[PDB]
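First structure 1, then structure 2: two forms of the same chain, each alone, as structure tokens.
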Structure 1
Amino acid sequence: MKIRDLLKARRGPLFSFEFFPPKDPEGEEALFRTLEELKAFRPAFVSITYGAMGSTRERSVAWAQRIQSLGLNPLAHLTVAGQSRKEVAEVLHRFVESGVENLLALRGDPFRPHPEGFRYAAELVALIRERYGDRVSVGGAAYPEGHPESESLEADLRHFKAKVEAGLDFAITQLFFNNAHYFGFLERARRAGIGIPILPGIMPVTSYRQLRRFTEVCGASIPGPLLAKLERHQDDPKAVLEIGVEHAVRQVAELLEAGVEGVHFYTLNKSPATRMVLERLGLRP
């Protein structure tokens, strides 16, 4: 089912999970195990990421199909970096010919475009709509704290708006650790005339180091209390997992009481954190 329709039909929240194409047999087995655990929560959709320059193209397709084989509804990510327009179009056709009806149109990271490539995710959005109309549902990235490369936050929101207007049905946010970042962004988007659902992206912390590297790359901020607490227990993995889960639970309880349309979980191909968050919220069907 197209996410655009799920969002209107379902009055309770959509839970989604994000996974990446593992790069070796061991990784693949780990993801299969993670899938077997998380599918019992009956996610509204499951995303499969795409290597920035087209490096995972085959594996992304194969995992999209595998998600379908489990009875789950894939959201297929697709990037424009490092690919001709024709390459991007070919991969897109292969997703669509597989029965994938949900795409997440992204730029990807290296930034100079491919000589016959696109420059912006909005050009892929426009491609998809030009070729497939409403036969698919298209999402894009949003950055509550602003994309690192944007000259200003005003330009960031304007650029996001242009992307929406290319034909987005929904957006998924970059990770954030204080719900104020999300609600702020949401209000600013609405003031800018944007009406599409915008789903909060949540990463439950399972490792101090990982938190540090992720926020460093993507530009997200960490609350001072959370940082201190993680820093103290950084050497006790069980404590860290506990602290991350508690924090995501606090985050997600408020998002749901506020009426968000769904929550997208960055799982990093592991089940425990996401499982614990959902079980603590009373959300195991």
Structure 2
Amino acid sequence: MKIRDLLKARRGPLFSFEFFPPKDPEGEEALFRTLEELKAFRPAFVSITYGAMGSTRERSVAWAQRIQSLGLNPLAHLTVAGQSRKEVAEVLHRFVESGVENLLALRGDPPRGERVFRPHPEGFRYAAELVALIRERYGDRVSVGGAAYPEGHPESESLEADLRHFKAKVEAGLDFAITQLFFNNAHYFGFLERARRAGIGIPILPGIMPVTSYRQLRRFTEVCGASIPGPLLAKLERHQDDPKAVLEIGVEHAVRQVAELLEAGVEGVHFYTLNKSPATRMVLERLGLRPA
């Protein structure tokens, strides 16, 4: 099913899950056992994140076909970093010929432990270039999403420039966007209001990742650019070495965030889920969405 059509039905909120590349073959089988269990939940779409800069490229195509084999709807993450325009086009074709109908067009992170993006010398620079590629080569045969940053990309120089680049990416041909994770709902609603004033009408799905360890915060603030609201931050940093209390804190905070988002009639919620972590399952149970 195309995500644009799932969204168009307005059948209540779409719940989606994003997983991380498995470390070894037993972890891979464990992850697919988890996706098999997940089908009962009837997720809207599932994905596993892309790019060890390129990847794992044949691996990520294979994982999308395996997800489809389970009767789940894969969203293929497709990046431009570390790859020529022609390599990007090749991988794109491999996903679509494999029956992937949903693509998330992204710039992609730089390589591990490197902070500054530098384009491939014969590659794209901006995700909006990949969106335009897909639309010109496939049109409506696929449904295309992009990332959105309610608190702004760390590398942008103001929220208003950031919004203007987001509008350009939507106009290149997005059907929906999924946000970077955030912990303060008011910054998501405020992004939605900037987007509304800018006449952007596409569905924008909030992305949520419950805090599961204190060591995540540095990735969250510095790399993802998400602020941690004061009351939450206080609790976390008084409990860093009680991983039991950090987890329960993160779960509680995510439950309350998602409850408000669902009461605000968001088009769906996209959950960033560590492969082994029970954080997301606990959130869903506490919300009444999954059996205890």
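Structure 1's sequence is the ruler for residue numbers, which start at 1. So that the term is clear: the rigid core is the largest set of C-alpha atoms that superpose within 1.5 Å between two forms.
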{"query": "Which of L211, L78, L127, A166 is displaced between structure 1 and structure 2 by 2 angstroms or more at its C-alpha, rigid core aligned", "finding": "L211"}
{"query": "Yes/no, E257 Cα shift of 2 Å or more between structure 1 and structure 2 with rigid core fixed", "finding": "no"}
{"query": "Threshold 2 Å Cα movement between structure 1 and structure 2 at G27, rigid core reference", "finding": "yes"}
{"query": "Core-superposed comparison between structure 1 and structure 2, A220 Cα displacement 2 Å or beyond", "finding": "no"}
{"query": "After superposing on the core, C-alpha shift for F41 between structure 1 and structure 2 in angstrom", "finding": "2.1"}
{"query": "Cα shift between structure 1 and structure 2 at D236, which is computed once both forms share a superposed rigid core (Å)", "finding": "1.6"}
{"query": "Core superposition result - C-alpha of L6, shift between structure 1 and structure 2, Å", "finding": "0.4"}
